[PDB]
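A lone chain, given as structure tokens: the form solved without the DNA.
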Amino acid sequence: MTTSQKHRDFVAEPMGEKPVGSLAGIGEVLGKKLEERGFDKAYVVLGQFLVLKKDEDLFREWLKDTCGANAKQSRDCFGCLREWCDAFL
């Protein structure tokens, strides 16, 4: 139901060292799982997106299989990360 202001805020300015849970689609509980998986910061997760050549099917299985995110949560991270790259990459 309408994206949060975080989506426009993230693709409106550099990401710097913001925490992983700052990425749109990742909640406080999910941010903790990615952190246990070695992604304590967003740019480390951005790297995984870059390693998958922006492949949406591979990206979705990675997040869901890695933490259990739902199909709705994965759609927000794909378009959210894909849009940041369009402005910064």
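The first residue of the sequence shown is number 1, and the count goes up from there.
Just so you know, the form deposited with the DNA bound exists too; it's not on screen, but the next bit is about it.
Taken together, the three residues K6, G31 and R75 all lie with some non-hydrogen atom within 4.5 angstroms of the DNA in the deposited bound form. A residue is said to contact a partner when one of its heavy atoms sits within 4.5 Å of a partner heavy atom; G27 meets this definition for the DNA in the deposited bound form. Using a 4.5 angstroms limit between non-hydrogen atoms, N70 touches the DNA in the deposited bound form.
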